[PDB]
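Peer 1:
Right, dumping it as structure tokens:
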């Protein structure tokens with residue numbers, strides 16, 4: 024037989040000639056019946072032809088084909104929290120995907136491959152059925168029933184052969200404490216075989232430090248409890264005996280640092296063997312040789328375990344590299360900010376021997392940078408010299424955009440709103456933009472704030488802040504305390520060290536007031552102003568163009584730009600007045616941020632946030648009441664309304680405010696509340712002492728897609744604001760705050776939420792100790 | 022509301038509540054917290070009408086086989102160890118031979134409690150827990166452990182004769198692979214899916230025969246750990262592989278007479294020429310001894326988590342882990358009686374002993390049944 | 026968006042929504058073209074259109090993925106010069122594409138990561154197709170791109186001139202001269218190395234660079 | 024000026040006194056490079072002038088530097104061990 | 025929805041890159057010879073026949 028025409032009955036990925044070429048008998052080649060069967064298998068060797076029926080019209084071949092190709096979709100059903108793409112990936116481990124050859128044989132290969140995966144999920148009561156659903160002209164949907172019944176659970180690890188400790192104290196020193204003996208309380212358990220893999224060396228490292236160099240885990244028998252749930256394990260171990268580290272005999276290339284390498288391995292001979300200390304002491308040598316330039320130091324300890332006295336003998340084999348490994352360095356991930364911004368954030372320079380932590384401190388400086396999401400590098404050895412490593416600092420930059428909002432219910436009332444947005448160095452410009460402002464009837468506030476933090480080479484933080492508060496506090500007119508405040512604030516930072524950086528600035532505080540509030544602490548500073556404005560009336564205006572000089576300095580040794588976990592930061596900032604001011608005063612403050620990790624996983628770190636402030640006149644004046652300090656609200660003592668903690672002024676017995684809202688906006692005025700009302704809100708202390716005691720807390724029930732910058736954060740908030748300029752005959756039958764014995768107290772949790780608009784903090788705090796004129800807002804809403 | 026937070030699997034519990042020979046109790050005397058949540062081979066035994074029963078919480082009784090009153094009582098709650106406390110926790114069943122209640126523990130001890138008081142007349146350790154009830158013969162206590170070790174402990178005073186590893190399972194699985202003495206040879210299964218007869222008197226391999234699959238690269242039973250423990254009625258070793266796959270094979274060579282490598286067999290007894298066997302459907306089926314020729318089967322038992330089919334009061338008796346005792350017709354699979362005497366599910370087999378039907382569930386410890 | 030029609034109807038609606046410019050819909054035709062029906066006679070032109078329509082949807086690495094698809098589908102094609110352009114044309118827009126340019130913020134001191142890769146492809150054009158319609162603009166890419174790649178590592182060579190790492194000046198300045206001793210930045214990094222030796226008391230080696238300034242800055 | 028508190032900058036690629044004594048005028052580049060490795064600066068311009076040049080900034084007044092050039096010929100054989108300190 | 029998608033045929037909007045930047049060359053003096061372009065920096069110069077700008081058809 025010799026074929027004159029091959030009949031092609033449906034191929035759909037293999038071409039007409041490409042099928043024909045896979046036929047060992049081509050059109051014109053002679054047909055053998057063995058070639059026909061060879062046409063069957065070799066078109067079965069197409070990997071796309073489900074069935075191949077090679078016949079012939081005498082010789083003229085009739086190759087009737089069924090087709091495997093494109094699986095046009097794959098459907099999952101019963102695809103529970105074990106994700107269907109992972110169920111697709113064991114299906115991809117079955118060689119199956121969308122747009123693929125469907126051999127309809129690998130159905131159970133998907134299934135039993137997933138059922139074996141379902142075993143290694145953590146379940147065993149979990150099955151799966153794959154369903155073929157045909158789509159146009161060869162195509163198929165792969166529907167997939169997943170019959171997942173229930174999961175397995177680790178119940179109790181029976182560690183037999185334990186002759187040094189007890190099993191339960193190991194389980195305590197794997198994870199556990201007690202459960203209500205009128206003492207501490209613990210949690211729950213589930214199965215995974217890698218937790219089994221982890222605790223067995225937590226078993227061994229519990230042996231490796233207490234002696235026990237011939238501790239060995241002999242065997243392990245997981246109980247197949249016949250339920251597919253009960254995971255008990257019968258583990259055979261053997262402590263061998265206690266062992267001692269009885270001597271260090273370090274040898275090899277100690278690179279001329281032999282005493283130092285011996286000093287890291289200064290041990291007690293006969294001390295119970297701590298193999299965990301030994302490998303540490305190897306790493307002590309490695310960073311020693313690393314900081315000595317030897318980027319690749321071999322250090323090989325060897326405990327010659329002397330069972331005859333139940334000791335070990337530490338041979339160490341050390342071998343360092345060469346010094347000048349940091350030949351040059353590279354910088355990647357600087358597509359948005361330049362190299363020299365990231366390049367100046369380093370302590371490791373090229374043309375040097377390796378300081379092993381100079382790479383790391385600069386990476387910690389890059390961790391202290393804040394224009395990042397990741398800090399990484401590629402410290403790659405350029406081959407060709409033992410003085411040759413490229414450190415390719417590849418990092419991921421900032422996630423930008425942040426918003427803050429307040430509402431005055433505009434366009435359903437008077438057009439009233441609070442704005443505010445932060446650009447977080449938009450596009451890595453080295454221009455951090457955060458701009459806010461608000462327009463109500465009460466105020467029409469304007470503000471500007473941006474800086475190039477490095478605008479000149481010495482770290483010129485080119486920050487000019489602007490403000491124009493067209494603030495009136497309008498009830499109907501300029502009757503209750505207008506203040507049109509306007510001007511600028513240009514401030515500059517300069518690094519005095521690598522973790523110490525100074526600050527200095529100037530303020531132009533031009534205020535335009537009218538009909539000020541008919542009260543003591545308002546007029547008392549204005550009595551210190553050289554004015555004597557009307558006690559019983561809001562008819563009193565004020566124009567101050569204050570020329571003020573600002574200053575400060577910061578400490579910065581604390582980890583991360585957007586989720587730190589360890590270290591300390593001090594942030595000095597204050598102000599003072601100069602000639603040309605319309606008032607002579609100072610105002611000094613400081614902020615601190617010190618992180619003490621109780622958990623060494625740093626899921627629980629002490630975060631102490633406290634605020635201090637003091638200010639008075641420079642002689643013959645006061646610090647203004649509008650610069651007197653406050654607390655409450657979103658402050659370090661939250662659970663309050665805003666401006667609750669502080670001194671409480673007294674309205675003079677007042678008449679119309681040049682317009683009194685009738686039995687509204689009460690200032691001891693003519694309509695209501697008259698005859699020496701007391702200003703119940705915190706009008707301000709010229710001194711301040713407040714604190715907030717926060718903690719890192721992990722979120723063990725939250726999808727950690729975003730928890731890298733999400734910090735649930737408990738607190739116990741407490742403090743005072745008090746005026747050292749406070750009167751006490753003016754405030755005789757009124758709140759006196761001349762002393763900081765006004766220690767408020769609240770407690771609760773802060774909920775920092777990483778949005779694409781930045782971290783969003785929210786609080787609930789119940790104030791359980793308060794002082795005069797405090798107000799309480801437990802449902803505390805912050806940004 | 023609160024119901025909507027959980028997830029389930031399926032069984033079909035108690036078809037055919039039957040009382041045609043209406044079952045009652047012979048007595049009920051519950052030992053304590055018995056067979057437990059471990060892979061357990063502890064089961065009640067009834068000897069001398071002095072019911073040497075034990076739990077896993079230490080307590081070993083001798084109840085009396087009329088009312089279950091304590092003829093003696095002890096506790097294997099040892100007061101020290103590497104769990105800081107050592108109860109009974111028995112990886113072997115109750116073997117009473119002589120003045121010795123031999124029980125193998127998950128404390129790795131095979132005791133031998135003196136049947137007059139229950140005091141440990143000897144105890145000797147085995148390699149970890151046992152896959153096996155103590156099999157006491159030839160001066161030996163035959164234990165096949167979870168480490169696969171056919172061990173031989175001196176049944177009179179306690180002394181290891183030969184600890185011989187034969188068939189440890191593929192992934193250290195569990196299931197009974199108890200060393201049965203047949204033709205002088207210890208015949209062991211193995212939850213590697215195999216079976217082997219081995220000269221018991223030193224632990225010398227007569228043959229080893231892989232029958233069929235175990236867990237590991239061919240994922241099989243953890244709903245019911247299949248006893249590969251061979252019931253060797255005569256020189257055809259009758260056994261199962263660990264995937265349930267039944268076999269009948271030579272005792273001196275392991276040459277297969279016939280084998281069901283189709284076996285979903287959970288429990289299995291050779292009832293004459295009719296091998297009565299609990300499948301994974303928890304159906305009882307009478308295959309032949311010269312084939313898998315179904316002489317009869319059962320549909321009245323279906324998804325029950327059964328025990329082994331035993332005989333008592335003229336009916337095929339089988340309890341289940343739903344705690345329902347059943348009295349099957351010894352022929353074609355029909356109930357005659359059915360009994361819930363359990364406060365539990367009967368994990369252990371109905372011990373049709375002393376003219377009674379002794380049982381002990383995990384917390385439904387010792388009841389005893391007549392009809 | 027993705028149709029399950031016959032592919033030439035999908036191809037008819039493909040070349041519509043390309044010339045309609047419906048790249049949200051045009052790609053979903055061309056994807057339904059070559060993925061569902063991987064036997065298109067236009068599946069080179071579809072994958073030509075895919076590199077096009079991905080780039081026309083500004084899907085730059087997906088144009089590059091369709092490039093590598095077209096590298097895999099048609100490595101025998103007259104429009105791999107297209108590919109070698111659209112490779113770098115991705116890697117032009119893959120490298121620096123921020124909105125920061127209107128306000129006077131540089132992006133060439135920013136990394137030339139894919140501008141290196143664009144220089145590769147626009148050289149791989151003018152190597153692999155030194156003749157094509159795409160080869161002239163790629164030659165127009167390269168001599169311009171070497172100067173963009175000048176100003177990054179010049180800002181590195183100036184950085185060690187800032188650092189006082191004067192060995193690392195010379196390792197960067199000659200590192201520029203090992204990279205591009207034809208850009209104006211290399212003439213002007215040349216005094217930094219001339220400074221660098223001079224600060225390291227290698228005034229003679231510095232005055233060697235002064236004669237190098239006497240030649241190379243000319 | 025009068026600064027008292029500053030960041031401080033080192034720059035290695037030096038040679039120790041051991042490193043000078045390992046090598047000699049007449050020794051090859053390689054016999055130098057077996058004990059010292061490469062310098063982090065040489066002369067591409069001119070011959071093999073291997074610059075192990077240390078620098079350091081210890082403060083406002085004064086500077087720390089060890090400039091050492093290892094001038095090898097066209098054959099790479101050492102012709103100068105130019106020890107030169109700061110200033 | 026304000027999110028849209030449309031872009032037609034051209035080389036990228038840097039038409040400065042149709043102009044191939046004037047490179048101020050560096051000839052080494054004698055005895056002071058420096059290395060040359062290495063790495064990616066290799067320009068087989070062919071502005072021999074070929075389209076720039078919009079004329080470069082991509083399809």
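Chains as they are written, first to last, in the authors' numbering: chain A, 24 to 806; chain B, 22 to 392; chain D, 26 to 243; chain E, 24 to 110; chain C, 25 to 83.
No residue lacks a Cβ here, since even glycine has one placed at the ideal position from N, Cα and C.
Helix, strand or coil: which one does DSSP assign to residue 109/D?
Peer 2: Looking at residue 109/D - three-state DSSP - the assignment turns out to be helix.
Peer 1: Please compile the residues from chain B whose C-beta is within a distance smaller than 7 Å of the C-beta of residue 189/A.
Peer 2: Under the 7 Å cutoff, chain B gives 103, 104 and 105.
Peer 1: In the DSSP assignment, find the alpha helix (DSSP H) that holds residue 230/A and state where it starts and stops.
Peer 2: 216-232 is the span of the alpha helix (DSSP H), which, as asked, contains residue 230/A.
Peer 1: According to DSSP, residue 745/A sits in a beta bridge with which residue or residues?
Peer 2: In DSSP, residue 745/A forms a bridge with 710/A.
Peer 1: From what residue to what residue does the beta strand (DSSP E) around residue 591/A run?
Peer 2: Per DSSP, residue 591/A belongs to the beta strand (DSSP E) from 590-600.
Peer 1: What are the residues in the segment 72-86 of chain E lying within 7 Å of chain A by C-beta distance?
Peer 2: Against chain A - using a Cβ distance shorter than 7 Å - the segment 72-86 of chain E contributes no residues.
Peer 1: Name the chain B residues whose beta carbon is nearer than 7 Å to that of residue 185/A?
Peer 2: Within chain B, the residues near residue 185/A are 103.
Peer 1: Relative to the C-alpha of residue 125/D, which candidate in 446/A, 530/A, 563/A and 657/A has its C-alpha closest?
Peer 2: Considering only alpha carbons, the answer is 446/A.
Peer 1: Using CA atoms only, rank isn't needed, just tell me which of 46/A, 627/A, 580/A and 164/A is closest to residue 716/A.
Peer 2: Residue 627/A is the option with its Cα nearest to residue 716/A.
Peer 1: Going by the CB atoms, is the gap between residue 164/D and residue 70/C shorter than 7 Å?
Peer 2: Yes, the pair counts as a contact, with Cβ atoms nearer than the cut-off.
Peer 1: Please state whether DSSP places residue 136/A in a helix, a strand or coil.
Peer 2: Residue 136/A: helix per DSSP, three-state reduction.
Peer 1: List, in order along the chain, the chain A residues whose C-beta lies closer than 7 Å to that of residue 59/B?
Peer 2: Chain A residues near residue 59/B: 246, 248 and 255.
Peer 1: Nearest to residue 220/D by alpha carbon, out of 58/D, 236/D and 209/D?
Peer 2: Looking at the Cα atoms, 236/D is the closest of the given residues.
Peer 1: Pull up the distance between the alpha-carbon of residue 77/C and that of residue 145/A, whole angstroms please.
Peer 2: Rounded to the nearest angstrom, the two C-alpha atoms are 59 Å apart.
Peer 1: Just to confirm the assignment, what range does the alpha helix (DSSP H) spanning residue 54/E have?
Peer 2: 52-59 is the extent of the alpha helix (DSSP H) around residue 54/E.
Peer 1: Within 8 Å, do at least three Cβ pairs link the segment 700-711 of chain A to the segment 727-737 of chain A?
Peer 2: The segment 727-737 of chain A is not in contact with the segment 700-711 of chain A.
Peer 1: Pull up the CB-CB distance for residue 395/A and residue 421/A, whole angstroms please, since I reckon it's below 8 Å.
Peer 2: Yes, residue 395/A and residue 421/A are in contact; Cβ-Cβ is about 6 Å, under 8 Å.
Peer 1: Indicate the three-state DSSP secondary structure (helix, strand or coil) for residue 252/A in the structure shown.
Peer 2: Reduced to three states, the DSSP call for residue 252/A is coil.
Peer 1: Looking at C-alpha atoms only, which residue of 471/A, 441/A, 257/A and 286/A is the closest neighbour of residue 306/A?
Peer 2: Nearest C-alpha to residue 306/A: 286/A.
Peer 1: Report buried or exposed for residue 724/A, applying the criterion of at least 16 other Cβ atoms within 10 angstroms of its Cβ.
Peer 2: Counting Cβ neighbours within 10 Å, residue 724/A comes out exposed, since fewer than 16 surround it.
Peer 1: Am I right that residue 263/D and residue 55/D are in contact with their C-beta atoms under 8 Å? What's the rounded C-beta distance?
Peer 2: The structure shown does not extend to residue 263/D, since chain D is modelled only from 26 to 243, so the question has no answer here.
Peer 1: Would you say residue 49/C lies against chain D (beta-carbon separation less than 7 Å)?
Peer 2: Yes - at least one Cβ of chain D is within 7 Å of the one on residue 49/C.
Peer 1: Just mark residue 328/B as buried or exposed, buried being the case when its beta carbon has 16 or more other beta carbons within 10 Å.
Peer 2: That one is buried.
Peer 1: Measuring only from the beta carbon, is residue 203/B closer than 6 Å to any heavy atom that is part of the ligand GTP?
Peer 2: Among the ligands in the structure shown, none appear at all, so the ligand GTP cannot be discussed.
Peer 1: In this structure, does DSSP put residue 689/A in helix, strand or coil?
Peer 2: Coil.
Peer 1: Strictly below 7 Å CB to CB, what residues from chain D border residue 43/A?
Peer 2: In chain order: nothing, as chain D lies at least about 15 Å away.
Peer 1: May I have a chain-ordered list of the beta strand (DSSP E) segments no shorter than 3 residues that lie completely inside the segment 446-477 of chain A?
Peer 2: Listed in chain order, they are 455-462, 466-471 and 473-475.
Peer 1: Comparing the C-beta of residue 48/D with each C-beta of chain C, is any distance below 7 Å?
Peer 2: Yes, because at least one Cβ of chain C sits closer than 7 Å to the Cβ of residue 48/D.
Peer 1: Quick one, which of 81/E, 54/E, 97/E and 46/E has its alpha-carbon nearest residue 91/E's?
Peer 2: The shortest C-alpha separation from residue 91/E is found at 46/E.
Peer 1: With a floor of 4 residues, list each alpha helix (DSSP H) that falls wholly inside the segment 123-211 of chain A, ordered by position along the chain.
Peer 2: Qualifying alpha helix (DSSP H) stretches, in chain order: 130-144 and 190-197.
Peer 1: Using a C-beta cutoff of 7 Å, does residue 173/A count as contacting chain B?
Peer 2: Residue 173/A counts as touching chain B.
Peer 1: Of the residues that make up the segment 91-111 of chain A, which ones have a beta carbon closer than 9 Å to any beta carbon in chain B?
Peer 2: Under the 9 Å Cβ criterion, the segment 91-111 of chain A contributes 103.
Peer 1: If you drop the 5 nearest sequence neighbours on each side, which residues of the same chain put their C-beta closer than 7 Å to that of residue 102/A?
Peer 2: Answer for residue 102/A: 110 and 169, listed in chain order.
Peer 1: When burial is assigned at 16 or more other CB atoms within 10 Å of the CB, is residue 367/B buried or exposed?
Peer 2: So residue 367/B ends up on the buried side.
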